[PDB]
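Asks: One file is attached below, final_28.cif, containing mmCIF, C-alpha atoms and all ligand atoms.
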```cif
data_run
#
loop_
_atom_site.label_atom_id
_atom_site.label_comp_id
_atom_site.auth_asym_id
_atom_site.auth_seq_id
_atom_site.Cartn_x
_atom_site.Cartn_y
_atom_site.Cartn_z
CA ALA A 1 0.00 0.00 0.00
CA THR A 2 1.26 3.63 -0.23
CA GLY A 3 1.33 5.29 3.15
CA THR A 4 2.07 8.98 3.71
CA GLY A 5 2.87 11.17 6.80
CA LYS A 6 5.19 13.71 8.37
CA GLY A 7 8.76 13.02 9.67
CA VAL A 8 10.27 14.49 12.82
CA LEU A 9 11.13 17.68 10.85
CA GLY A 10 7.49 18.16 9.73
CA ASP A 11 8.15 17.14 6.10
CA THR A 12 5.51 15.00 4.33
CA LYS A 13 6.91 11.83 2.66
CA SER A 14 5.53 8.54 1.31
CA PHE A 15 6.63 4.99 1.99
CA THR A 16 5.35 1.42 1.56
CA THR A 17 2.95 -0.16 4.03
CA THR A 18 0.74 -3.24 4.23
CA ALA A 19 -3.02 -3.45 4.47
CA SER A 20 -4.24 -5.74 7.24
CA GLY A 21 -7.99 -6.20 7.45
CA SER A 22 -9.46 -2.83 8.30
CA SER A 23 -6.17 -0.93 8.84
CA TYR A 24 -2.42 -0.64 7.78
CA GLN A 25 0.88 -1.83 9.31
CA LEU A 26 4.15 -0.01 8.92
CA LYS A 27 5.70 -2.87 7.02
CA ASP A 28 7.17 -2.79 3.53
CA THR A 29 7.50 -6.34 2.09
CA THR A 30 9.06 -5.22 -1.17
CA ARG A 31 12.74 -4.69 0.02
CA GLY A 32 14.55 -7.90 0.88
CA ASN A 33 12.84 -9.84 3.62
CA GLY A 34 11.10 -6.63 4.56
CA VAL A 35 11.36 -3.33 6.17
CA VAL A 36 9.24 -3.33 9.37
CA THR A 37 8.78 -0.62 12.00
CA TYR A 38 7.60 -0.98 15.62
CA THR A 39 6.78 1.12 18.64
CA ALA A 40 8.14 0.20 22.09
CA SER A 41 5.29 2.42 23.51
CA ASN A 42 7.75 4.29 25.75
CA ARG A 43 8.89 1.15 27.55
CA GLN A 44 12.06 -0.79 26.90
CA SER A 45 10.84 -4.09 25.43
CA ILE A 46 12.00 -4.58 21.88
CA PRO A 47 10.87 -5.01 19.19
CA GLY A 48 7.56 -3.86 20.64
CA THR A 49 4.46 -3.90 18.45
CA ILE A 50 4.27 -3.11 14.73
CA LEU A 51 2.99 0.43 14.16
CA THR A 52 -0.57 0.58 12.83
CA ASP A 53 -2.87 3.31 11.32
CA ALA A 54 -6.46 3.09 10.22
CA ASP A 55 -6.33 5.15 7.03
CA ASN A 56 -2.69 4.94 5.89
CA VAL A 57 -2.00 8.65 6.65
CA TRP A 58 0.48 8.36 9.56
CA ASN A 59 0.75 10.52 12.63
CA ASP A 60 4.01 9.24 14.22
CA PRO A 61 6.91 11.39 13.11
CA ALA A 62 9.51 9.04 14.70
CA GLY A 63 8.12 5.93 13.06
CA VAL A 64 7.58 7.60 9.64
CA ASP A 65 11.25 8.66 9.61
CA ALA A 66 12.63 5.34 11.02
CA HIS A 67 10.70 3.47 8.33
CA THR A 68 11.30 5.76 5.40
CA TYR A 69 15.02 6.18 6.11
CA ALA A 70 15.47 2.39 6.66
CA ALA A 71 13.91 1.93 3.19
CA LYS A 72 16.09 4.72 1.69
CA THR A 73 19.21 3.22 3.31
CA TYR A 74 18.25 -0.21 1.90
CA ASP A 75 18.03 1.36 -1.58
CA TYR A 76 21.30 3.35 -1.17
CA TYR A 77 23.21 0.15 -0.16
CA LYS A 78 21.87 -1.81 -3.15
CA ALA A 79 22.36 1.11 -5.59
CA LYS A 80 25.77 2.28 -4.45
CA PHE A 81 27.47 -0.93 -3.35
CA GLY A 82 25.35 -3.76 -4.71
CA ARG A 83 24.60 -5.01 -1.21
CA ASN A 84 21.22 -6.54 -0.40
CA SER A 85 20.43 -5.40 3.19
CA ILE A 86 22.72 -5.63 6.24
CA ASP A 87 23.87 -9.26 5.69
CA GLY A 88 24.03 -9.00 1.88
CA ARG A 89 21.22 -11.56 1.80
CA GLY A 90 18.03 -9.45 2.43
CA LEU A 91 17.95 -9.60 6.27
CA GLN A 92 14.67 -8.11 7.40
CA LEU A 93 15.25 -4.46 8.51
CA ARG A 94 13.53 -3.91 11.88
CA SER A 95 13.33 -0.58 13.60
CA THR A 96 11.81 0.33 17.00
CA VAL A 97 10.86 3.86 17.88
CA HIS A 98 9.72 5.44 21.24
CA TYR A 99 12.15 3.26 23.14
CA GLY A 100 11.93 4.26 26.76
CA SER A 101 11.04 7.58 28.22
CA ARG A 102 12.91 10.68 27.05
CA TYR A 103 15.78 8.37 26.17
CA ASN A 104 18.80 10.03 24.66
CA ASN A 105 20.30 7.40 22.55
CA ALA A 106 19.89 5.15 19.54
CA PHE A 107 21.57 1.80 18.86
CA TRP A 108 22.13 -1.31 16.88
CA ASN A 109 21.75 -4.49 19.00
CA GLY A 110 22.96 -7.25 16.76
CA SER A 111 19.44 -7.57 15.19
CA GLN A 112 17.58 -4.33 14.71
CA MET A 113 17.77 -0.60 15.14
CA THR A 114 16.29 1.11 18.17
CA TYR A 115 15.58 4.80 18.60
CA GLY A 116 14.85 6.81 21.74
CA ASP A 117 12.69 9.97 21.62
CA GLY A 118 15.36 12.23 23.06
CA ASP A 119 14.68 14.46 26.03
CA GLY A 120 13.39 17.38 23.90
CA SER A 121 16.36 19.44 25.06
CA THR A 122 19.66 17.88 23.85
CA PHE A 123 17.99 15.62 21.31
CA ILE A 124 14.68 15.17 19.57
CA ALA A 125 13.55 11.78 18.09
CA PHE A 126 16.72 10.10 16.77
CA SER A 127 15.23 8.67 13.61
CA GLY A 128 14.80 12.23 12.37
CA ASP A 129 18.29 12.46 10.78
CA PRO A 130 18.95 10.10 7.86
CA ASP A 131 22.59 10.08 8.88
CA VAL A 132 21.61 8.60 12.30
CA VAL A 133 19.50 5.89 10.71
CA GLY A 134 22.45 5.36 8.32
CA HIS A 135 24.86 5.20 11.26
CA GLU A 136 22.68 2.53 13.03
CA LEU A 137 22.09 0.29 10.03
CA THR A 138 25.80 0.51 9.18
CA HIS A 139 26.73 -1.01 12.57
CA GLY A 140 24.88 -4.04 11.26
CA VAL A 141 26.79 -4.10 7.99
CA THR A 142 29.98 -3.84 10.08
CA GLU A 143 28.94 -6.81 12.21
CA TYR A 144 28.41 -8.89 9.05
CA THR A 145 31.67 -7.86 7.38
CA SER A 146 34.75 -6.70 9.33
CA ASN A 147 33.07 -7.42 12.63
CA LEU A 148 35.15 -4.70 14.30
CA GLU A 149 35.34 -5.13 18.10
CA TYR A 150 33.63 -2.41 20.07
CA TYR A 151 36.71 -1.19 22.08
CA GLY A 152 39.73 1.11 21.65
CA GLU A 153 40.93 1.77 18.07
CA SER A 154 38.80 -1.00 16.63
CA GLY A 155 35.64 0.35 18.16
CA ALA A 156 36.60 3.85 16.92
CA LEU A 157 36.90 2.55 13.38
CA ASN A 158 33.47 0.82 13.84
CA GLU A 159 31.97 4.22 14.75
CA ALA A 160 33.85 6.25 12.06
CA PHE A 161 32.55 3.81 9.35
CA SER A 162 29.00 4.38 10.58
CA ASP A 163 29.55 8.12 10.48
CA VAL A 164 31.08 8.00 6.99
CA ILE A 165 28.22 6.04 5.48
CA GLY A 166 25.43 7.83 7.46
CA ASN A 167 26.75 11.10 6.33
CA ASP A 168 27.29 10.03 2.75
CA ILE A 169 23.64 8.94 2.41
CA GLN A 170 22.26 12.48 2.98
CA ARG A 171 25.25 14.48 1.69
CA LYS A 172 23.88 17.79 3.12
CA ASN A 173 27.08 18.85 4.90
CA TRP A 174 29.97 17.20 6.90
CA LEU A 175 27.89 16.96 10.06
CA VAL A 176 26.50 13.95 11.96
CA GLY A 177 23.22 14.18 13.98
CA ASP A 178 22.59 17.86 13.06
CA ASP A 179 18.83 17.33 12.40
CA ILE A 180 18.15 15.87 15.82
CA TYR A 181 20.63 17.70 18.07
CA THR A 182 19.75 20.73 20.34
CA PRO A 183 16.50 21.93 18.72
CA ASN A 184 17.01 25.43 20.23
CA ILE A 185 20.39 26.09 18.56
CA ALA A 186 20.79 26.12 14.73
CA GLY A 187 23.98 25.20 12.94
CA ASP A 188 25.49 22.78 15.54
CA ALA A 189 25.74 19.05 15.52
CA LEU A 190 26.66 15.94 17.49
CA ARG A 191 29.85 15.55 15.43
CA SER A 192 31.66 17.34 12.63
CA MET A 193 33.74 15.27 10.14
CA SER A 194 35.38 18.42 8.61
CA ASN A 195 36.26 19.93 11.97
CA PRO A 196 36.00 17.34 14.78
CA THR A 197 37.57 19.47 17.55
CA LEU A 198 34.50 21.80 17.35
CA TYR A 199 32.66 18.98 19.29
CA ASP A 200 35.54 17.84 21.50
CA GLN A 201 36.78 14.93 19.36
CA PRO A 202 40.45 14.70 18.37
CA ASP A 203 41.25 15.18 14.63
CA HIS A 204 44.91 14.00 14.80
CA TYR A 205 46.47 10.89 16.29
CA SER A 206 48.78 12.91 18.59
CA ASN A 207 45.56 13.77 20.58
CA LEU A 208 44.19 10.21 20.78
CA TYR A 209 42.01 9.57 23.84
CA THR A 210 43.65 6.91 25.94
CA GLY A 211 41.29 6.79 28.94
CA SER A 212 38.83 4.01 29.67
CA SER A 213 35.45 5.79 29.38
CA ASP A 214 33.20 5.00 26.48
CA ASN A 215 34.88 1.64 25.71
CA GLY A 216 38.21 3.42 25.42
CA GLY A 217 36.81 6.38 23.60
CA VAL A 218 35.17 4.82 20.54
CA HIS A 219 32.92 7.96 20.05
CA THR A 220 35.78 10.30 20.71
CA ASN A 221 38.57 8.73 18.60
CA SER A 222 36.42 8.20 15.59
CA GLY A 223 37.07 11.92 14.93
CA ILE A 224 40.57 10.98 13.62
CA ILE A 225 39.24 8.70 11.01
CA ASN A 226 36.37 11.03 10.14
CA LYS A 227 38.97 13.71 9.52
CA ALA A 228 40.94 11.32 7.26
CA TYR A 229 37.81 10.58 5.23
CA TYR A 230 36.96 14.28 4.88
CA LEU A 231 40.56 15.13 3.74
CA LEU A 232 40.42 12.35 1.13
CA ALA A 233 37.03 13.37 -0.20
CA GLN A 234 37.40 17.19 0.00
CA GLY A 235 41.19 17.76 0.01
CA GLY A 236 43.04 20.18 2.26
CA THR A 237 46.31 20.91 4.02
CA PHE A 238 46.50 19.74 7.56
CA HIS A 239 49.54 19.43 9.89
CA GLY A 240 51.70 20.43 6.87
CA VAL A 241 50.49 17.54 4.69
CA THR A 242 48.48 18.39 1.55
CA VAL A 243 45.90 15.90 0.40
CA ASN A 244 44.48 16.38 -3.08
CA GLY A 245 40.73 15.58 -2.76
CA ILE A 246 39.18 12.91 -4.87
CA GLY A 247 35.47 13.67 -4.23
CA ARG A 248 32.92 11.79 -2.09
CA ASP A 249 31.92 9.28 -4.81
CA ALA A 250 35.45 7.92 -5.08
CA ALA A 251 36.24 8.25 -1.32
CA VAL A 252 33.16 6.33 -0.16
CA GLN A 253 33.83 3.44 -2.59
CA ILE A 254 37.39 3.21 -1.27
CA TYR A 255 36.17 3.28 2.33
CA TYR A 256 33.39 0.79 1.69
CA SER A 257 35.80 -1.73 0.24
CA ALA A 258 38.46 -1.08 2.87
CA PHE A 259 36.08 -1.56 5.83
CA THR A 260 34.11 -4.44 4.48
CA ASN A 261 36.80 -6.46 2.56
CA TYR A 262 40.08 -5.70 4.31
CA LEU A 263 39.60 -4.91 7.99
CA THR A 264 39.11 -7.64 10.63
CA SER A 265 37.67 -7.60 14.11
CA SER A 266 40.97 -6.59 15.74
CA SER A 267 42.07 -3.89 13.22
CA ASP A 268 43.61 -0.70 14.56
CA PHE A 269 44.13 2.65 12.89
CA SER A 270 47.30 1.49 11.30
CA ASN A 271 45.50 -1.44 9.60
CA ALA A 272 42.82 1.00 8.44
CA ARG A 273 45.52 3.13 6.66
CA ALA A 274 46.67 0.00 4.86
CA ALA A 275 43.10 -1.17 3.93
CA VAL A 276 42.27 2.29 2.59
CA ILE A 277 45.49 2.42 0.57
CA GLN A 278 44.82 -1.11 -0.69
CA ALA A 279 41.26 -0.35 -1.78
CA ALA A 280 42.46 2.85 -3.48
CA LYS A 281 44.98 0.63 -5.40
CA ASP A 282 42.35 -1.94 -6.40
CA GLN A 283 39.96 0.62 -7.66
CA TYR A 284 42.35 3.15 -9.28
CA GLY A 285 45.88 1.80 -9.62
CA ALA A 286 48.91 1.43 -7.42
CA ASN A 287 50.40 4.72 -8.49
CA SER A 288 47.20 6.65 -9.13
CA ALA A 289 46.15 10.06 -7.78
CA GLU A 290 43.66 8.24 -5.54
CA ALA A 291 46.16 5.82 -3.99
CA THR A 292 48.46 8.76 -3.33
CA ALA A 293 45.64 10.76 -1.80
CA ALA A 294 44.68 7.72 0.46
CA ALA A 295 48.25 7.70 1.86
CA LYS A 296 48.49 11.45 2.41
CA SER A 297 45.16 11.56 4.16
CA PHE A 298 46.52 9.18 6.88
CA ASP A 299 49.88 10.99 6.97
CA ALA A 300 47.95 14.24 7.65
CA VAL A 301 46.07 12.83 10.62
CA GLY A 302 49.27 11.22 12.05
CA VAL A 303 48.37 7.58 11.37
CA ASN A 304 51.43 6.04 10.03
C1 LIG B 1 24.40 8.56 15.80
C2 LIG B 1 24.23 9.05 17.21
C3 LIG B 1 23.00 9.94 17.28
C4 LIG B 1 23.92 7.84 18.09
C5 LIG B 1 25.10 6.92 18.33
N1 LIG B 1 24.64 5.67 18.97
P1 LIG B 1 25.66 4.29 18.59
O1 LIG B 1 27.14 4.71 18.47
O2 LIG B 1 24.95 3.52 17.54
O3 LIG B 1 25.35 3.37 19.84
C6 LIG B 1 25.88 3.56 21.16
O4 LIG B 1 27.29 3.26 21.13
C7 LIG B 1 27.70 1.92 20.82
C8 LIG B 1 29.25 1.83 20.58
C9 LIG B 1 27.02 0.94 21.83
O5 LIG B 1 27.23 -0.38 21.27
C10 LIG B 1 25.52 1.18 21.92
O6 LIG B 1 24.92 0.31 22.91
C11 LIG B 1 25.18 2.64 22.17
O7 LIG B 1 25.70 2.90 23.48
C12 LIG B 1 26.21 7.70 18.99
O8 LIG B 1 27.03 8.28 18.32
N2 LIG B 1 26.13 7.77 20.30
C13 LIG B 1 27.07 8.48 21.11
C14 LIG B 1 26.75 9.97 21.26
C15 LIG B 1 25.58 10.24 22.22
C16 LIG B 1 24.25 9.89 21.98
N3 LIG B 1 23.50 10.31 23.04
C17 LIG B 1 24.28 10.91 23.93
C18 LIG B 1 23.97 11.49 25.17
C19 LIG B 1 25.01 12.02 25.94
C20 LIG B 1 26.32 11.97 25.46
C21 LIG B 1 26.64 11.42 24.20
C22 LIG B 1 25.58 10.86 23.46
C23 LIG B 1 27.20 7.85 22.46
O9 LIG B 1 26.47 6.91 22.83
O10 LIG B 1 28.08 8.35 23.13
CA CA B 2 -4.18 7.93 10.14
CA CA B 3 22.22 15.03 9.07
CA CA B 4 20.89 22.13 17.03
NA NA B 5 22.59 -8.79 20.38
ZN ZN B 6 27.71 4.11 16.66
#
```
Would you put the structure from the file into structure tokens?

Replies:
Amino acid sequence: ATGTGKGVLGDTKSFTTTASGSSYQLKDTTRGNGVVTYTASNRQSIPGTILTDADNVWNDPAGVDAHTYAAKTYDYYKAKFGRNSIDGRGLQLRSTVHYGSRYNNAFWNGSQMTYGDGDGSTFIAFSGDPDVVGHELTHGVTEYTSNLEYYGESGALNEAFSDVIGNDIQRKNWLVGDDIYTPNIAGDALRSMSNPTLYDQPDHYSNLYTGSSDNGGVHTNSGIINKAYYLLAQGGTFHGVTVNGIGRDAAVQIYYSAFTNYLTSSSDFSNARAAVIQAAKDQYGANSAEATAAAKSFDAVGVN
């Protein structure tokens, strides 16, 4: 069926649903084994119950965005990388919205994506930025490919890859989480890829977080890798090293290959340098502009 309704930002959009007797479920059976979207009804059981509406015009901004952006992320992965869902084999894409009460996170749990509402102050509903939905679904792709451990450098690569892909889906700017962060302040963001230190993440390896919080700083140290990606895609001069940019289209293909074909669950930043250089070489040639740019980008952020 064709359902319609507003996302978290108030924008009307359509999406596929299923008619069940007298009403409609937020379930699209036309993409792999499905895209299906649930409410946890402000408690913490997941998946919860499948969202329903009587007339197929939806009034649940969180669910409309979680569903629509899962479907858009499905299509982006098949169009851009030839991958069929998270496992490459059409794994059903399940999302739960209204997890808990004023809950300020979102997460991938090894099976589905889950989205809090936010407290209304720091965050609004998390499904409202396509680059957050991207970020969550990409943790799933990671699990099925490199299977990067969730601690120290490995866990930071895990997060940077989710930021790279989430951001690349929307391509609005170099920000992560900007649609859902601090509703009362325009222009800010949860993270910046172009300028990570703006949001207290390091952008150079000499400033690596070495404490034990946050699984050894997996959401902090990802800023190094995000900076490397940005320098490869955009170009720039940083710590004296000039990187000639190669554009997002080329950079994301190199990253996608590096993180899904070359990295393993124990990879550290140094292995990521090598995977990125290797993918650059596969795709463009050992001595190409792109393979040189892949090297400089890691030089510039101090990952040797
Ligand atoms: C895309 C972003 C909107 C959500 C994103 N959640 P994500 O990284 O998928 O998931 C989180 O981290 C993983 C490593 C754990 O496995 C998960 O259980 C979850 O804790 C994140 O960057 N979370 C950060 C930032 C953050 C979110 N809410 C916050 C509230 C306060 C401080 C920081 C935060 C974090 O948990 O740190
Ligand atoms: Ca309705
Ligand atoms: Ca965004
Ligand atoms: Ca804001
Ligand atoms: Na799990
Ligand atoms: Zn994450």

Asks: Calculate how many Å separate CA of residue 66 (chain A) from CA of residue 218 (chain A), rounding to one decimal.

Replies: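 These atoms are spaced 24.5 Å apart.
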
Asks: Sorted by chain and rising residue number, list the residues of region 94-155 of chain A at most 8 Å from region 60-64 of chain A (counting only C-alpha atoms), each with its closest atom pair and distance in Å to one decimal, as a Markdown table.

Replies:
```
| residue | atom | partner | partner_atom | distance |
| --- | --- | --- | --- | --- |
| A:96 | CA | A:63 | CA | 7.8 |
| A:97 | CA | A:63 | CA | 5.9 |
| A:98 | CA | A:62 | CA | 7.5 |
| A:117 | CA | A:62 | CA | 7.7 |
| A:125 | CA | A:62 | CA | 5.9 |
| A:126 | CA | A:62 | CA | 7.6 |
| A:127 | CA | A:62 | CA | 5.8 |
| A:128 | CA | A:62 | CA | 6.6 |
```

Asks: In the coordinates of the file, take the point (22.8, -6.0, 1.4) and a cut-off of 12 Å; then, counting all atoms listed in the file, name each qualifying protein, DNA or RNA residue as a PyMOL selection string.

Replies: chain A and resi 31-33+73-93+137-138+140-142+144-145+260

Asks: Let me see if you get this right: every residue at most 9 Å from ligand CA 4 (chain B), counting all atoms listed in the file, written as number ranges by chain.

Replies: A: 122-123, 177-190

Asks: Kindly compile the residues surrounding ligand NA 5 (chain B) within 10 Å, counting all atoms listed in the file, and format them as a VMD selection string.

Replies: chain A and resid 108 to 112

Asks: Using all atoms listed in the file, pick whichever of A:272, A:51, A:57, A:35 has the shortest atom-to-atom distance to ligand CA 2 (chain B).

Replies: A:57

Asks: Give the answer as one residue: which of A:104, A:244, A:270, A:288 has the shortest atom-to-atom distance to residue 231 (chain A), using only C-alpha atoms?

Replies: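 Under the stated criterion, the closest residue is A:244.
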
Asks: Go through the chains and note each residue within 6 Å of ligand LIG 1 (chain B), using only C-alpha atoms and all ligand atoms, then give the set as a list in words.

Replies: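 Sorted by chain and then by number, the residues are residues 104, 105, 106, 107, 108, 132, 135, 136, 177 and 219 of chain A.
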
Asks: Using all atoms listed in the file, which of A:46, A:157, A:54, A:9 sits nearest ligand CA 2 (chain B)?

Replies: A:54

Asks: Which residues are near residue 291 (chain A)? Cut-off 9 Å, all atoms listed in the file, ignore same chain within fewer than 4 positions. Put them as a PyMOL selection string.

Replies: chain A and resi 276-287+295-296

Asks: Give me, as a list in words, all polymer residues having an atom no more than 7 Å from residue 175 (chain A), counting only C-alpha atoms and skipping those fewer than 6 positions away in the same chain.

Replies: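 My reading of the contact set: residues 189, 191, 192 and 193 of chain A.
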
Asks: Step by step, measure atom-to-atom distances between ligand CA 2 (chain B) and each residue using only C-alpha atoms and all ligand atoms, keep those at most 9 Å, then write them as a tab-separated table (two decimals) with C-alpha atoms, keeping the file's coordinate frame.

Replies:
```
chain	number	residue	atom	x	y	z
A	5	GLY	CA	2.87	11.17	6.80
A	52	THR	CA	-0.57	0.58	12.83
A	53	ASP	CA	-2.87	3.31	11.32
A	54	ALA	CA	-6.46	3.09	10.22
A	55	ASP	CA	-6.33	5.15	7.03
A	56	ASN	CA	-2.69	4.94	5.89
A	57	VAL	CA	-2.00	8.65	6.65
A	58	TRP	CA	0.48	8.36	9.56
A	59	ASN	CA	0.75	10.52	12.63
```

Asks: Write out as a VMD selection string which residues come within 8 Å of residue 203 (chain A) when counting only C-alpha atoms, dropping same-chain ones fewer than 3 positions away.

Replies: chain A and resid 195 to 197 207 223 to 227 301

Asks: What is the CA of residue 115 (chain A)-CA of residue 21 (chain A) distance in Å, reported with one decimal?

Replies: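 If I compute the distance from CA of residue 115 (chain A) to CA of residue 21 (chain A), I get 28.3 Å.
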